[PDB]
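Just below is one structure, and these are the notes that go with it.
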Amino acid sequence: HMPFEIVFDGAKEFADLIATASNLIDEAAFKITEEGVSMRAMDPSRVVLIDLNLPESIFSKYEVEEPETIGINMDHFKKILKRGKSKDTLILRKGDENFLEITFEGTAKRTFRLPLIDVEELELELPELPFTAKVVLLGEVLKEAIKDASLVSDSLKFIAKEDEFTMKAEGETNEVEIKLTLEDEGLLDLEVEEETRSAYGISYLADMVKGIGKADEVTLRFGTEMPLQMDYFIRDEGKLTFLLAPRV
Amino acid sequence: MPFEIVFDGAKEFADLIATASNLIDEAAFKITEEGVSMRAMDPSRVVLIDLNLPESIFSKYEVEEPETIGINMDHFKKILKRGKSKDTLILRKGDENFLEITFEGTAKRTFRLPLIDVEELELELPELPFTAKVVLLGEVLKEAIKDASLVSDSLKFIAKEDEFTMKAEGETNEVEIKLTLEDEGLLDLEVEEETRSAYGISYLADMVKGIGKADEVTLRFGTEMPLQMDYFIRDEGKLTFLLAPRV
Amino acid sequence: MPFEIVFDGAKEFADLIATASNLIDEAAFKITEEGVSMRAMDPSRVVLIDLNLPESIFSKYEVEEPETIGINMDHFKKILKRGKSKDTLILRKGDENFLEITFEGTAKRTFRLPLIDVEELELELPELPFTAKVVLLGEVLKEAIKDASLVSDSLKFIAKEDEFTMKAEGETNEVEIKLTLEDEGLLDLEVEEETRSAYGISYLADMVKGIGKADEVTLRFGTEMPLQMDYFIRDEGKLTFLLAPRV
């Protein structure tokens, strides 16, 4: 568990990214290597897999001596990171001691000490699934569609066809449809091998998109009765990926 | 019975309906060739609301034949709150018994709202012998009601020739909001005799909750008489409340 | 008659009163020809607060009859919270037993706040042998206190000739906020000798809650001595807290 020093310019942006992962998980193992920081975890119900990848290219200083895995209480990490200001420099540092030193450098130098925990790691792979539909859309559209559907139902049907992407929710008497074509502003890309239909739990979807930005380009990949893969990019280079089991 | 009604600016429409739903739970909307109208009373029958949305405020207005639809106002307002400020709002009725509510913006979002039937009533909005008229900024009215609520549950309106006063008093605390024509908040005052009435603050608060700070609000009242309060929507629409006085 | 006091910017006045009401419930305001002063303690007798508002910060200052009035700070603050940023505030004491609080803006809004009897102690604001002086941005002070509260119930203040540190430590967790003159948050540092004291975070949080992020706050303390925290109102007014150290 060697020392390292990792520096990110923009503490609040980093906190927001961590906050998005923390919405679903409580504890996480962070793999720190020379190439970057990665984290893979499942939510407690084992319905969502989260994969975070932060290559060294997004850090203004990146000094890792030997690869190591550190365990982190995500609630306590997020609570500290939330104190970072938008212009703060964030420094994540480890010495010989078994804690993480979290420093915000801005109008003052503020250093927190976060105890490291033991996180027993599951065997988790991010499989390459045969998705038959790909959608790139503005986060604003995706976030509102999930909110719109929650007025109506507990589940949201995703329907991809050659020229239109539809999210549809139906209640006992009440119903909502959110429809995008490439003529629409909210839709950046649509690729459909065959017409694809799946449905997903809104409570999970709401937790996945809560932290996503309204201007972020979110990529969706899914298949008929297959999981939904949802990702967006951090500084174009890092990537947060969710894999969500379909509602059966 | 098809119709199609289009309003540019969904959030503004939501705000307008939100004002009415503060006192109303269910409403019949009369949809004719000339515009949309709605008239309803709060559950205690203390406040009458009248909403008139002429054809001229809609960007597209296509009514086949006049008809009346009943709407649960809380459900309507919940859907309409999903509209964004730059959305186009489309209100469409096919041959079925549901109102199709579409927001067209970055995406096309269509809600289906089931229609209900509403006990329609002997509701007219008569013209009473009001003796005072006050036009004032919504900011002044809203703040005066909030101010008086610190003090009491009733607000006394007092109009004289050159002054309009709203006064409230508790057992020791008191507040007076005074307006003369030299005040930026008072846009017009017409007083044909000294006029004095009092109204319940809980009703007033619900009436002004949705009014904008820069909306121009017209008050008409008489002594121990109802209060008529109205403001205009896109200049041509009109929202009118008639409020029973308090003893 | 006995006095009329006018302050331009009612909301700014409310914010200043609101800071003091965070620690105190009741206060005696002494109105003299020179200005308004107030001195009080929190219920636990841990914090002394001193407010001095010279006549120079008021647009009109007329004290015919000097006197001292007793005010419930919660009621005072509730009324002052109704003032708008552009309102003129008028404090008027008539012959009677109430304070007249008027907001003059788009309208004239007058509240009557009944005066109360406050058992006044003789509170001295002592000269103390402070060995460290720190001038820092309110933003840094307020954040440090918030940071420390994630960790502990008390915050250590450590001043050395070139650095000011606030440190909190829990069972296992720890935070350190460090300032040097190189840092934007530190405006002045004067250290007669190494100085270390600790203070309850719950008190500090209440002291700084109303202070602005842009405000310039002066701290003075000594080893195992009280903390004196002051900031200026319109350059000439001054709000001072004196906080007992913690053991």
Side-chain angles (χ1 to χ4, degrees), chain A residues 133 135-161 163-190 202 205-206 209 212-220 232, chain B residues 1-2 4 6-15 17-18 21 25-27 29 69-118:
Chain A
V135 187
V136 187
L137 78 183
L138 303 178
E140 160 217 301
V141 175
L142 174 64
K143 285 151 72 65
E144 186 62 40
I146 290 160
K147 180 52 176 135
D148 295 344
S150 75
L151 267 54
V152 176
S153 172
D154 56 279
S155 62
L156 184 55
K157 303 194 220 248
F158 284 35
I159 301 140
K161 292 157 165 173
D163 296 304
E164 51 150 356
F165 170 56
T166 298
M167 297 166 280
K168 184 193 270 216
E170 330 167 60
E172 142 186 326
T173 60
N174 327 84
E175 193 203 323
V176 67
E177 280 181 49
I178 301 90
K179 167 187 173 61
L180 290 159
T181 75
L182 278 175
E183 298 177 70
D184 283 314
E185 177 181 336
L187 190 64
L188 315 202
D189 200 352
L190 177 65
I202 289 169
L205 291 166
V209 303
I212 299 187
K214 299 59 52 179
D216 286 318
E217 303 171 48
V218 177
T219 303
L220 307 177
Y232 69 101
Chain B
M1 269 157 168
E4 189 197 358
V6 181
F7 187 94
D8 265 44
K11 190 169 179 325
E12 192 178 340
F13 197 90
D15 291 352
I17 289 297
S21 98
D25 302 333
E26 304 187 327
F29 290 81
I69 58 171
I71 290 178
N72 181 281
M73 287 302 273
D74 284 292
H75 287 355
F76 197 22
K77 165 206 166 186
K78 275 196 334 184
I79 291 174
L80 286 177
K81 281 329 207 177
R82 318 295 337 126
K84 312 302 168 189
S85 65
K86 321 192 290 202
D87 282 330
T88 297
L89 167 66
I90 305 160
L91 303 173
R92 182 139 41 197
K93 185 188 161 284
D95 302 89
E96 312 152 348
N97 216 235
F98 77 64
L99 181 68
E100 196 184 79
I101 298 161
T102 305
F103 307 116
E104 293 191 338
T106 52
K108 178 214 252 237
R109 304 179 287 138
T110 301
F111 295 79
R112 284 154 109 179
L113 164 71
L115 302 176
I116 70 191
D117 78 65
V118 289

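Just so we're on the same page: letters track the sequence lines, and every chain starts at 1. Atoms considered below: every heavy atom in the structure, side chains included; atoms not considered: hydrogens, waters and symmetry mates.
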CA sep, side-chain torsions, deciding dist, call: B:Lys84, A:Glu140, salt bridge (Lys or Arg N to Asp or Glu O under 4.0 Å): CA-CA 11 Å; B:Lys84 312 302 168 189; A:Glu140 160 217 301; over 6 Å; no
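Proximity to chain A among residues 107-116 of chain B is limited to B:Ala107, B:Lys108, B:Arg109, B:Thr110, B:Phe111, B:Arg112, B:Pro114, judged by heavy-atom separations below 4.5 angstrom. Among residues 149-158 of chain A, the residues having any heavy atom closer than 4.5 Å to a heavy atom of chain B are, in sequence order, A:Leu151. Residues of residues 70-82 of chain B lying under 4.5 angstrom from chain A, judged on non-hydrogen atoms, are B:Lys78, B:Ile79, B:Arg82 in numerical order.
Remark: B:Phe7 engages B:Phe13, B:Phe58 in a ring-ring contact (aromatic ring centres under 6.0 Å, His included) (not counting sequence neighbours).
Residue contact with chain B, scored on non-hydrogen atoms closer than 4.5 Å, involves the backbone and the side chain of A:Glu177 alike.
Your options are A:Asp148, A:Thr166, A:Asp184, and the one with the most heavy-atom pairs under 4.5 Å with chain B is A:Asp148.
Nearest heavy atom pair, residue B:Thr106 against residue A:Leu180, reads O-CD2, 3.6 Å.
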